[PDB]
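Okay, structure first, notes after.
Here the Cβ positions follow ideal geometry from the backbone for every residue, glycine too, while neighbour counts run over all protein chains shown. Any read-out appearing in this document is the output of simple, stated calculations on the displayed coordinates, not a laboratory observation.
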Amino acid sequence: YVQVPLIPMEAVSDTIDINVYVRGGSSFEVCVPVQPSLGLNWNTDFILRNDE
Amino acid sequence: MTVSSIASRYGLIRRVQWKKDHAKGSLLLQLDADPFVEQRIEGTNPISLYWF
Amino acid sequence: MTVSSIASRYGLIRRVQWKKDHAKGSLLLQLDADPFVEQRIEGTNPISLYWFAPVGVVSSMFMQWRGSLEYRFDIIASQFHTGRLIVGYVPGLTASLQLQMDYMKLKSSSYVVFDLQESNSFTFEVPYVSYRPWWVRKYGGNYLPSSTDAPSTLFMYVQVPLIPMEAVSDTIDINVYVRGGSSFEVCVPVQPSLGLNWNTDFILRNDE
Amino acid sequence: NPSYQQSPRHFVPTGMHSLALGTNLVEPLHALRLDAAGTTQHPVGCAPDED
Amino acid sequence: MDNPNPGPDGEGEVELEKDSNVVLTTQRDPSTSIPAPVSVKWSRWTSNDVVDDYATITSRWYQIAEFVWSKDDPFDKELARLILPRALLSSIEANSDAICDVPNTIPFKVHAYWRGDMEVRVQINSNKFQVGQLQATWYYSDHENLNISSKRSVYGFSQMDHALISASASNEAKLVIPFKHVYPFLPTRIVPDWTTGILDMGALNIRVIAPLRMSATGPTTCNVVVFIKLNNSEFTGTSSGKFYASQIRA
Amino acid sequence: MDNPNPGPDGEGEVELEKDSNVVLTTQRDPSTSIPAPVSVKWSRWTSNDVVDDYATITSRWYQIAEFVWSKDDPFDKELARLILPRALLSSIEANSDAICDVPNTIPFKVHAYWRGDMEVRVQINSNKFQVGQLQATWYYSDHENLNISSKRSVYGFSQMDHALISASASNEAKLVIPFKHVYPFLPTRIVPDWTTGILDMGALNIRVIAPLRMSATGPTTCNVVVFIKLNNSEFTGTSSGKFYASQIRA
Amino acid sequence: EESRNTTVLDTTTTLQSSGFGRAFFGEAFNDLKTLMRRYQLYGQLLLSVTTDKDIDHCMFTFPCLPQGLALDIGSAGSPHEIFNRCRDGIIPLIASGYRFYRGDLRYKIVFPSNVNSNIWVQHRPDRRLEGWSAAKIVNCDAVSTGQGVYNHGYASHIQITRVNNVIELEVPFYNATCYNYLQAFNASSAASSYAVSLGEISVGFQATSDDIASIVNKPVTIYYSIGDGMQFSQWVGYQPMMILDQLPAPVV
Amino acid sequence: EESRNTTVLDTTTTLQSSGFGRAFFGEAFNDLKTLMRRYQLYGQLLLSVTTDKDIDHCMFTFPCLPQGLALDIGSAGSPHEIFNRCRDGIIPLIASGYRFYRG
Amino acid sequence: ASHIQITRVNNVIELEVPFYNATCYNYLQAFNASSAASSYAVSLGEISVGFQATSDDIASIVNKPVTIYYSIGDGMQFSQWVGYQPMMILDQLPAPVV
């Protein structure tokens, strides 16, 4: 949230971009290997198994 | 190659706009505090791709 | 038995004729700078046999090669013959650029002038210039794709035309022998691109 | 490649490791664990009170 | 600290970067980003023929691209997918004169093969009141990767190391680019085993992360210029220049 | 001594002269003739701007003239008044291609000024039964001396040191030619204080001292070829190649 | 810069390190290379005899690369459900993250049980991959080149299906390259084509056509893992992912 | 003589030795003998009972030599495609290079 | 000397044909037999494979492939160098033609 609203000069822009970057922290760590929940976009074809 | 050597790299994950006329209460984002933070691509595909 | 002990043996691979009336620009040969240098036999067979240098057979068994070759040139002449010839080497000539060559473009890159007078033989040592640490076989098991052409090309123009006495021959033979150089070396073993002439029978699989 | 011409061991197959035995006896397995030296461990607050 | 005293001289210190006979200045600290550890020389493994870096002319800074960056450009908008060894030549030829004319690039006119680290500075002159942010990202052999058309976006280059060029600070982006390619040497002309994709290590690309923003009556444009040193290079395989062909138009 | 044993190899030893990537041979001992003591470097006195000899390409042997020498040529008959720094360029351009094409001569395409020792070999292949004798003589800044037209004769070059090329021995004539000129550096293009007489140190010239003589049915022609190393050179004053103009036709 | 961190605003009291499960499960998952060596499904097929094959003809041939084969959902009527559903995998997903590799691979092909026939497996370092299309398992047809047959020099091995029907392999690194391409490959340079696949493995039964009928439409699953010596190089950010739990239901 | 080298005209600066792939692939291919021991296809056949064979009858007999069997393309109707196509092999190709053997 | 594989256990007998000849060393090129005693100077022997099947069971065996392999066995040592006879390039062999 914006604790104190932005207060621009008239000669500079009314709007400010804010980039949010994510990084694993110093203590970030993972254990059990299982199926990735993600697939590459190298092939986005998919085939429904409709029975009709 | 290591889980930590990959985890310790920023990737842009969100791009908040922040206008002057946002009052003091205004929300800018509320992304979940898990690594799976998200940024959907506005693609034409039936199954939309996501940045991570 | 060793790849190097076989590679280090000359085998005659080309026999240039060299007449008096070759002007200063004349080409004599432009064989490729890869071990697979060639000399076809003019046989009656449907599938013609080819001579190879020992390096050209021992290196057909291997996917990749690298390092210097050595072309000995025996310029067969009486000491009373005199002349001079370039033995150049141009890195990176694609077959479309194989033409447009002349000795003067050749002089721009590596080359070696030689003076036939008394000593009548030399041994140009062909450089290995390529972007690839090894180099892939020119031919292959009967499978045309995956047959990379040679890294670079040899040339041998006549820098100063032969000047024979009236009592000696107008023409001089020139033998080109190939030998694996000191640094010639090969790695990956795959199907030889060569077959023995012990049996040259072959059977087309026409479906008719 | 020296040839190894001497006669091979002569062992008898069985389909399965003993089901009954359960003590002084290493029992080989196809672990579904990732690390082959891994084994379950007990963090100090997860220690097995009951023997 | 905290004690400004501008004079006729102006205020801050001006750091330099001389090379051969080209000095160029940046008031600001470069935002260096180095994709790879410095390359080993590698002439040893693939060249009997005479090899020689031309440190006194190849290493000079020389411009390869320049471009306006107006506020009209939307968030994710490429400004320039420069190839690098090629753009150094392709820009010259695009400027309607042969490679031979320019001192940096004469050895390419002759030698069949090139190798060596590159340097790229992406200098800018945004005014201090402007708000925006370029990223400059080097991506090795981009053309070989067919799905790159999907990756080629600011979300996708921000994950690999990349320079950032804030328009507020008018920051200058240094970018060391050590050689890495599947083959140790890059050919400078058609060569027996390949033709297409000549002298193409990969591509610098300067996607926008934040479009310029300004008061309605403020300065719209923001020009950018990109110099390229070609330092720890080495050339091999001397060859006639008539074989050389003009670089693909891009 | 006095014990010939020719084999397949032939008889005599073959002395060499490798430089960069060009080796060339002469069966015979060169008849060296060195007009001046070796030059001092002299970049110190007249060049702040980056200076660099290109030993790996400028020092290569490269042909500049070749000519038939038939028995028809009368006693005192010039075969070739080669200029030297110019003929190295003038011959290339005469051969219908730009200076940039040839590796020896690319630095001339760029750098405004040249200096440095030259080497010139005038190799020949007369048959052993022919009788004749060229002289090869280097004459510094010949063009500046207007009365040279009278001096330019074999009686007049035999007084200064000069190589001799007997056609009987098919002798090869080495010829070191250290830089000496009124001005320490030779410009490679039109320059603010002079234009005409560009890059013209002086002239090699190969007058005949004895015309070929032979039996009526013997070999008439006797070809000659002239290589030129450009060794202890140095270039200064980097400049764009578009300024360069094709050498005067000669 | 990318990994710069201008001004950390720490709130955290330090959390106990677990050593990536070393402190719990007894095994570190820190190195991603050691996970890369768990075997993965690589390709899959139903054998399809076409021409009357001899003893020598290869039954199928596939390029062998870490990147993973171009994903084969199969035809709309007959999907290979795992690639259709369990998209790609682990090893290709991490191969997505780097731009060059230089190392071995292992395979462990699992042949159909009902067949008894002997099975040979060539490795063919010579072959160039020819674009990302035709980077897939290929059912070779009539012999016309040397591609379709057993070859003498190429390294090979011959499982006896009767004794144990899963030949295990070690495809080595034979290329005249620093290190190969690792993302998807469109072949720019003609010599770039040698810069991807480790080789081009070919499996082939020695059955005469009379016995080959038993083999038809019998599954032959394949596995792979990066083989210890593998070493991916340059970091490159992930291309967009596609979340799997969000894939459409079959719909009753 | 054959291996004589009268007057080398060296142009090459020395190239790094690779040790025959030892420096890259981790294995020397220098000795050709160690390649000779990779196995090769030697012959091939379709068994053809003619006479009513007993327990003792040999089904087929072949001479065993390094030179390689005389190459058998097979009949024009039914080629053995490998020898028809992949002519000879490695070991016979090197057996081509020598005149005596003992092993 | 002989050996008997049990096809049921493993169907690939592996061998070690030894050098038994009363010779210095055997011929190695193609062989036309000049001397009558030159004929002992080539083959290491003359291997013979044979099934123990009765004719009732031999019908299963008919037209079943039996591929064979070989390699020079460590102790091998070729001697005198002799240049290669003309080769025939393989990629130049004719296509099947559709």
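Of note:
- For I:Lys64 and D:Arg33, a Förster radius of 41 Å and the Cβ-Cβ distance give a FRET efficiency of 0.40, rounded to the nearest 0.05.
- With the simple model of a label 7 Å out from the Cα in the direction of the Cβ, I:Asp56 to E:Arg249 spans 8.5 nm.
- Inter-copy label distances at F:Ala216 (7 Å, Cα→Cβ; nm, one decimal): 10.9
- Distant-in-sequence amide H partners of G:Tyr98 (H built 1.01 Å from N, under 5 Å): G:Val236
- Residue of chain F with the Cβ closest to the rotation axis carrying F onto E, and that distance rounded to whole Å: F:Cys100, 2.
- Placing +1 on each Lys and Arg Cβ and -1 on each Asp and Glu Cβ, with no other charges, gives region E:125-250 a dipole about its Cα centre of roughly 320 debye.
- Low-density loop positions, trypsin sites (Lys or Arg not before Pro), region B:20-52 - DSSP coil, at most 10 other Cβ in 10 Å: B:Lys24
- Between region C:36-68 and region F:27-43, the alpha-carbon center distance in angstrom: 48 Å
- Sorted from shortest to longest, the distances between the E:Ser150 label points of this copy and the other copies are 9.0 nm, with each point 7 Å from Cα along the line through the beta carbon.
- Rounded to the nearest whole Hz, the Karplus-based 3J(HN,Hα) values (6.51 cos²θ - 1.76 cosθ + 1.60, θ = phi - 60°) of region E:69-83 follow the sequence 10, 6, 5, 4, 5, x, 2, 8, 9, 4, 9, 6, 8, 5, 7, with x at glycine and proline.
- Label-to-label distance, nm, for residues given as G:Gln231 and G:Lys108 (7 Å Cα→Cβ offset): 2.5 nm
- Label-to-label distance for C:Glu166 and C:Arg40 is 4.3 nm, based on points extended 7 Å past Cα in the beta-carbon direction.
- Summarising the amide proton neighbourhood of G:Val49: residues at separation of 5 or more, or on other chains, whose placed amide H is nearer than 5 Å comprise G:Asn217.
- Our note on the geometry: Cα centres of region G:214-249 and region I:56-96, 39 Å apart.
- In region F:156-226, trypsin sites (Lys or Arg not before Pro) in a DSSP loop with at most 13 other beta-carbon atoms within 10 Å: none
- Nearest-first distances (nm) between copies at F:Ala55, label 7 Å from Cα via Cβ: 1.3
- Average Cα contact separation per residue, chain E, under 8 Å, 6 or more apart, as relative contact order %: 36 percent
- Across chain C, the mean sequence separation of Cα contacts (distance under 8 Å, 6 or more residues apart), normalised by length, yields a relative contact order of 39 percent.
- Backbone phi angles across region G:120-131, fed through the Karplus curve with coefficients 6.51, -1.76 and 1.60 (θ = phi - 60°), yield HN-Hα couplings of 9, 9, 7, 10, 10, x, 4, 5, 8, 5, 10, x Hz in residue order; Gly and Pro are listed as x.
- Rg of the Cα atoms in region G:1-92, relative to 2.2 N^0.38 Å, amounts to 1.85.
- Anchor B:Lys20: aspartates and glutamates whose Cα lies under 12 Å away (excluding residues fewer than 8 positions away in-chain): A:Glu10, A:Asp14, A:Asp17
- Separation of region F:122-152 and region F:57-87, taken as the distance between their Cα centroids, equals 9 angstrom.
- For region E:198-204, 3J(HN,Hα) per residue [Karplus equation, 6.51 cos²θ - 1.76 cosθ + 1.60, θ = phi - 60°, Hz, x = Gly/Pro]: 5, 6, 10, 5, x, 9, 5
- Chain F - charge dipole about Cα centre, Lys and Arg +1 at Cβ, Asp and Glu -1, debye rounded to 20: 600 debye
- In degrees, nearest ten, helix E:85-94 long axis to first principal axis of chain E (Cα): 80 degrees
- Backbone amide hydrogens, once placed in the peptide plane, bring E:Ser141 within less than 5 Å of E:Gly202, E:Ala203, excluding anything fewer than 5 places away on its chain.
- Among I:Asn21, I:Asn63, I:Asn32, residue whose mean-square fluctuation peaks in a GNM of chain I (springs only between Cα atoms under 10 Å): I:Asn63
- By definition, a body whose alpha carbon gyration tensor gives a ≥ b ≥ c is prolate when a/c is 1.5 or more and a/b is larger than b/c, and chain G fits this prolate description.
- Summing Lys and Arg as +1 and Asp and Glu as -1 over all other residues whose Cβ lies under 11 Å from the Cβ of E:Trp61 gives a net charge of +1.
- Highest-fluctuation residue, C:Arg132, C:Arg179, C:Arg84 considered, GNM on chain C with Cα pairs under 10 Å: C:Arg132
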